[PDB]
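Peer 1:
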Ligand SMILES: C[C@@]12CCCO[C@H]1[C@]1(COC(N)=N1)c1cc(-c3cccnc3F)ccc1O2
Ligand code: NI
């Protein structure tokens with residue numbers, strides 16, 4: 039899959055994007071790769087943060103679906119007009135497909151100044167698509183219209199400008215050059231988000247000793263569209279307490295632990311060893327088994343070059359509190375080659391050939407761990423009448 043290696047780019051903290059073409063003749067656009075959403079949506083009107091947008095009028099193959107879409111979320115919203123057109127990935131499979139495209143006509147706090155992307159490729163399942171699950175997501179269309187296997191994999195590699203990032207999205211397979219050691223699989227619990235189950239959390243070898251349902255309250259997901267490792271409130275508090283304790287020789291402001299303030303050391307003197315490793319044990323394919331993925335401070339402390347002190351190495355704490363469950367974001371994913379094996383309803387992890395580490399410690403994927411009479415660690419989200427009233431024909 040040499041053609042697909044190194045096809046992702048971006049700016050630190052602002053998402054990874056892949057080059058895509060839309061329409062006939064092909065219009066090139068940079069598209070955010072988001073395993074936490076399910077719409078293909080592209081800027082389709084002028085915006086201050088867009089250098090370019092999808093021009094429906096220039097495409098002979100564009101078809102209007104005569105239906106709008108409105109997508110509010112926590113920070114803001116995007117909206118626009120649904121249609122279809124021909125889509126390809128120049129540094130992807132040698133195929134062209136007709137996909138749904140949401141042409142974004144108005145948005146608030148969606149595009150990011152300087153991120154260099156103009157659209158989003160939602161790689162999650164139909165269940166969370168907008169306006170509803172009958173709007174076929176891009177990957178579903180790709181699989182149905184071509185002979186591309188139902189699997190993709192992601193290798194995310196982590197003074198005036200933000201640091202550039204790179205990576206690979208391999209569509210249709212697994213590229214063995216992108217990982218080392220064993221590839222371990224955890225079940226996709228349900229096909230909506232890429233939902234998984236965490237059965238144990240350790241911070242420098244020490245068990246947090248919480249009821250494991252707390253780790254997955256109210257879900258745990260693998261999400262390329264979130265920068266941070268996000269943890270449920272109770273888990274976040276317990277983790278921060280443990281990381282604080284391990285690093286106690288350094289007294290950081292409260293701002294740092296809230297992710298609102300950088301901490302610096304003189305260039306190349308960062309005391310990595312005072313910061314603990316974090317292990318998440320994921321449910322194995324075998325009932326009573328688990329495997330652990332272990333990340334370093336190199337993953338959870340994000341580099342940000344401060345203009346005022348460009349001679350310092352400065353870091354943001356990239357673990358944050360959630361009210362919507364665990365989010366294994368770029369912080370987690372940058373340690374690993376991550377295989378989204380939709381065909382077999384499972385997610386694979388292996389140590390990334392590009393992960394950042396030091397001479398003492400490495401990101402690791404290790405197993406099996408077996409537990410006698412393993413409890414159910416999954417949480418069942420309370421069913422609303424709204425959700426229950428939906429017919430799924
Ligand atoms: C797609 C949605 C709209 C619908 C709700 O979800 C949104 C979200 C948030 O989490 C995920 N996974 N996608 C999302 C993330 C980023 C982003 C911002 C910074 C870095 N990386 C990014 F993906 C930008 C836009 C955006 O919009
Ligand atoms: Ni009905």
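Numbering (my numbering), first residue to last: 39 to 431.
Using N, Cα and C, we set each Cβ at its ideal position, and we do this for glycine too.
#1: Over what stretch of residues does the alpha helix (DSSP H) that includes residue 180 continue unbroken?
#2: Identify which residue in 227, 101 and 46 has its Cα closest to the Cα of residue 127.
#3: Should residue 431 be counted as a contact of ligand 2 given a C-beta to heavy atom distance under 7 angstroms?
#4: What are the start and end residues of the beta strand (DSSP E) that includes residue 125?
#5: Between the stretch 345 to 357 and the stretch 318 to 329, are three or more C-beta pairs nearer than 8 angstroms?
#6: Less than 7 angstroms between the CB of residue 369 and some heavy atom of ligand 1, yes or no?
#7: Going residue by residue through the stretch 338 to 404, where are the continuous alpha helix (DSSP H) segments of at least 4 residues, counting only ones entirely within it?
#8: Sort out for me which residues DSSP pairs residue 225 with in a bridge.
#9: Is residue 168 helix, strand or coil by DSSP?
#10: Quickly, what does DSSP pair residue 245 with across the bridge? List them, please.
#11: Output the distance between the C-alpha atoms of residue 303 and residue 347, rounded to the nearest integer angstrom.
#12: Quick check on residue 83: does DSSP put it in helix, strand or coil?
#13: What is the rounded straight-line gap between the Cα of residue 236 and the Cα of residue 258?
#14: Spatial neighbours of residue 345 within its chain, please: CB distance less than 6 angstroms, with the 5 preceding and 5 following residues excluded, ordered by chain position.
#15: Relative to the alpha-carbon of residue 246, which residue among 212, 208 and 272 has its alpha-carbon at the smallest distance?
#16: Would you check whether ligand 4 has a heavy atom nearer than 7 angstroms to the C-beta of residue 176?
#17: Which residue's Cα is closest to the Cα of residue 280: 400, 411 and 239?
#18: If we ignore side chains and look at the alpha-carbon of each, how far apart do residue 168 and residue 310 end up?
#19: Exposed or buried, residue 396, counting other C-beta atoms within 10 Å across all chains shown (16 or more means buried)?
#20: Could you tell me the alpha carbon to alpha carbon distance between residue 328 and residue 409, rounded to whole angstroms?
#21: Nearest-angstrom Cα distance between residue 232 and residue 226?
#22: Would you kindly report the start and end of the unbroken beta strand (DSSP E) that includes residue 146?
#23: Using the C-alpha atoms, what's the distance from residue 255 back to residue 422?
#24: Using the three-state DSSP reduction, which class does residue 105 fall into: helix, strand or coil?
#25: For residue 417, which residues of its own chain have a beta-carbon under 6 angstroms away from its beta-carbon, when the five flanking residues on both sides are left out?
#26: With a threshold of 7 angstroms on Cβ separation, who are the neighbours of residue 76 within its own chain once the five nearest residues in sequence on each side are excluded?
#27: Do residue 216 and residue 402 come within 8 angstroms of each other at the CB atom, strictly closer than that value?
#28: Is the distance from the Cβ of residue 68 to the Cβ of residue 154 below 8 angstroms?
Peer 2: In this structure, then:
#1: Numbered from its first residue, the chain shown carries residue 180 at position 142. Where residue 180 is concerned, the enclosing alpha helix (DSSP H) stretches over 176 to 183.
#2: On the chain shown, residue 127 is found 89 positions in, with the first residue counted as 1. Checking every option, the nearest Cα to that of residue 127 belongs to 46.
#3: As a first step, residue 431 is located in the chain shown; it is residue number 393 there, counting from the start. Result yes, Cβ under 7 angstroms from ligand 2.
#4: Indexing the chain shown from 1 puts residue 125 at position 87. From DSSP, the beta strand (DSSP E) with residue 125 extends over 115 to 126.
#5: no
#6: Walking along the chain shown from the start, residue 369 turns up at place 331. Outside the cutoff, so no.
#7: 368 to 371
#8: The residue given as residue 225 occupies position 187 in the chain shown. Paired residue(s): 384.
#9: Taking the chain shown and counting its residues from 1, one reaches residue 168 at position 130. Looking at residue 168 - three-state DSSP - the assignment turns out to be coil, as it is neither helix nor strand.
#10: Counting from 1 along the chain shown, the entry for residue 245 is found at position 207. Answer is 240, bridged to residue 245.
#11: Here residue 303 refers to the residue found at position 265 of the chain shown. Here residue 347 refers to the residue found at position 309 of the chain shown. In a straight line, the C-alpha of residue 303 is about 10 angstroms away from that of residue 347.
#12: Within the chain shown, numbered from 1, the residue matching residue 83 stands at position 45. In this structure, residue 83 counts as coil in the three-state DSSP scheme.
#13: Position 198 of the chain shown holds residue 236. Position 220 of the chain shown holds residue 258. If you take the alpha carbons of residue 236 and residue 258, they lie about 7 angstroms apart.
#14: Numbered from its first residue, the chain shown carries residue 345 at position 307. 197, listed in sequence order.
#15: Translated into positions along the chain shown, residue 246 becomes position 208. It is 272 whose Cα lies nearest to the Cα of residue 246.
#16: Ligand 4 is absent from the structure shown, which contains only ligand 1 and ligand 2.
#17: Within the chain shown, numbered from 1, the residue matching residue 280 stands at position 242. Selected option, being the one with the closest Cα: 239.
#18: For the purposes of this step, residue 168 is taken as the residue at position 130 of the chain shown. For the purposes of this step, residue 310 is taken as the residue at position 272 of the chain shown. Cα-Cα distance, rounded: 43 angstroms.
#19: Along the chain shown, one-based indexing puts residue 396 at 358. It is exposed - the Cβ of residue 396 has fewer than 16 other Cβ atoms within 10 Å.
#20: Taking the chain shown and counting its residues from 1, one reaches residue 328 at position 290. Taking the chain shown and counting its residues from 1, one reaches residue 409 at position 371. Rounded to the nearest angstrom, the two C-alpha atoms are 8 angstroms apart.
#21: By one-based count along the chain shown, residue 232 stands at place 194. By one-based count along the chain shown, residue 226 stands at place 188. The alpha-carbon atoms of residue 232 and residue 226 are separated by roughly 6 angstroms.
#22: Taking the first residue of the chain shown as position 1, residue 146 is located at position 108. Element bounds for residue 146: 135 to 146.
#23: Taking the chain shown and counting its residues from 1, the one referred to as residue 422 is at position 384. Taking the chain shown and counting its residues from 1, the one referred to as residue 255 is at position 217. Approximately 17 angstroms between the Cα atoms of the pair.
#24: Mapped onto the chain shown, residue 105 falls at position 67. Strand, per DSSP.
#25: Residue 417 sits at position 379 when you count from the first residue of the chain shown. These residues qualify, in order along the chain: 251, 254, 255 and 256.
#26: As a first step, residue 76 must be located in the chain shown, where it is residue number 38. 160, 162, 163, 164, 166, 167 and 175.
#27: Taking the chain shown and counting its residues from 1, the one referred to as residue 402 is at position 364. Taking the chain shown and counting its residues from 1, the one referred to as residue 216 is at position 178. Contact flag unset, no.
#28: What you label residue 68 is simply residue 30 of the chain shown in a count that begins at 1. What you label residue 154 is simply residue 116 of the chain shown in a count that begins at 1. Yes; because the gap between Cβ atoms is below 8 angstroms, this pair is in contact.
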